[PDB]
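Read the single chain below, which is given as structure tokens and is the form deposited in one PDB entry.
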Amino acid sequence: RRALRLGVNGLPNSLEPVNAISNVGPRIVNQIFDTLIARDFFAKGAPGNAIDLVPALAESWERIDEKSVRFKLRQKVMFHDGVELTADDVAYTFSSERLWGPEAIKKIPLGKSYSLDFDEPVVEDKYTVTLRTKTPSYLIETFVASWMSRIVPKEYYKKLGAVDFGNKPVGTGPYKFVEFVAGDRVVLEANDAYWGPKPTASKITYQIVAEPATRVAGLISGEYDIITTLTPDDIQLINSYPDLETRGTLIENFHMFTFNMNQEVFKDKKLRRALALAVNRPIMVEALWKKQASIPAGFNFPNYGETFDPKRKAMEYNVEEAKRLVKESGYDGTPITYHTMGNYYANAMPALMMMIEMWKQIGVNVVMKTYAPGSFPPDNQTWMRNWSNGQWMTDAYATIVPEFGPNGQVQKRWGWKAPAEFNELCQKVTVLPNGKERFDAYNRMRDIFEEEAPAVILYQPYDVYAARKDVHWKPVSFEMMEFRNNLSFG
């Protein structure tokens, strides 16, 4: 087998699966770990965008009542250290101690906020465990298939502790941990005792190449088999080589800019709404994305299924209203900082460059401030910043509720004084089953989101990869790389 050399944009701070939730963590953690239910993106010859939920660590699952699901686990499955996977390891993954409890915030900061209203799991036998919520939740199944639900070994994780585990992970996945050099590389090796589709690569290296041109030159040489985080501008050049090609897909994620609403200037919606109304998304998509990126009609995505609004109007673009709002706002003329981690997000810097000019034309002075991975300044020193949100559920709950809800970081850490009506609808959608009431409640939250502007949605990025033609791999419609029955050489 061949060793896989990967030229990546970045690496996560940890390899503990919940703490690795980012654009850069899931590509690694998906190799180390497994979920109970898995998504089969290639089901019915789909080009990596199928929504089909297949059995993984659980051979079968059965919803008992409105607040519980029983999972019958795959027998004799082994963790990388040779320890057999049991219902005990699954109960711990979804336990109050490790995940959703008050104590777990020290270990996993976004655990409770990103979690459902869980109750302690019920272990029936070695291969039988019931996952449950304290209040009715039909979201259990979708949470279980997600990046929040990768199965950790109870004893190994408990002995090490959350932090040390993220530096030396052990899972049941197709690839086992070898090395983690912070701000440099992650090296994984083939797990030949893997249940399910066998590793086709002997080793996988995730090499940090912060500059995309150095990444493209690295492939053309070539130091790499597959390179990540490119722009549609790179397409014509990579495809000019008969041994190389691009592989792109629209991903179930959105690029955005957000605010620190703790800062006096961003306390009122007026300036945030003014900055939102001046963002010309159609020209940004032409200039930087060659028409490949998608502009959603608010916090509305097709992956939401029954909770997606296909008849929803586009987000408002109004230059004269933006001018009028900057005028009535407290804004003096003082330049506002916008923190960016270089090109961690594809088109991060060219996008901001365009927007600074769009905003200068309405009356706001915006300045770029770059930062290095792990050198993000205290919340106190930031005003505007870029971000992204992965739509990790087959429902509208994610990410509006975990990120922007009353228990999320946008309100609790970033000072968003959300209307009481917004938080009331957040609680309704969590418990309510699908219907007219829940659909309308999501649309009302979407209307409040655009009026309050706690964040400003830019677009759904077109995720561009580039690979050697002798490396057969297909991208998926998510911020991750799938190698299971999707990696071959020759």
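Quick note: we count residues from 1 along the sequence shown, nothing fancier. The term rigid core refers to the maximal set of C-alpha atoms that superpose within 1.5 Å between the two forms.
Q: Which has higher Cα B-factors on average according to the PDB entry: 373-381 or 414-422?
A: The entry gives the higher C-alpha B-factor average to 373-381.
Q: Hey, which bit's got the bigger mean C-alpha B factor in the entry, 328-336 or 199-207?
A: According to the entry, 328-336 carries the higher average C-alpha B-factor.
Q: For the CA B factor values reported in this entry, which option in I64, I457, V464, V29 has the top one?
A: Within the set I64, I457, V464, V29, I64 shows the top C-alpha B-factor.
Q: Going by the entry, which of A182, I151, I400, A293 has the most elevated CA B factor?
A: Checking the PDB record, the top C-alpha B-factor among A182, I151, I400, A293 is at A182.
Q: Select lowest, middle or highest to describe the third in which the CA B-factor of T430 falls within its chain in this entry.
A: For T430, the deposited C-alpha B-factor lands in the highest third.
Q: Sorting by Cα B-factor within the chain, modelled residues only, which third would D52 end up in: lowest, middle or highest?
A: Tercile = highest for this residue's CA B-factor.
Q: Compare the C-alpha B factor of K126 with those of the other modelled residues in its chain, then answer lowest, middle or highest third.
A: It belongs to the lowest third of the chain when residues are ordered by C-alpha B-factor.
Q: For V163, return the chain-relative third of its C-alpha B-factor as stated in the PDB record: lowest, middle or highest.
A: Middle third.
Q: Using the temperature factors of the C-alpha atoms in this entry, rank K107 within its chain: lowest, middle or highest third.
A: As the PDB entry reports it, the C-alpha B-factor of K107 lands in the highest third of its chain.
The form deposited in another entry exists for this protein as well; it is not shown, and the discussion that follows is about that form.
Q: Take the rigid core as the frame of reference and indicate whether the C-alpha of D268 shifts by 2 Å or more between the shown form and the other one.
A: It does shift by 2 Å or more.
Q: Tell me, please, whether between the shown form and the other one the C-alpha of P26 is shifted by 2 Å or more, with the rigid core used for superposition.
A: No, the C-alpha moves less than 2 Å.
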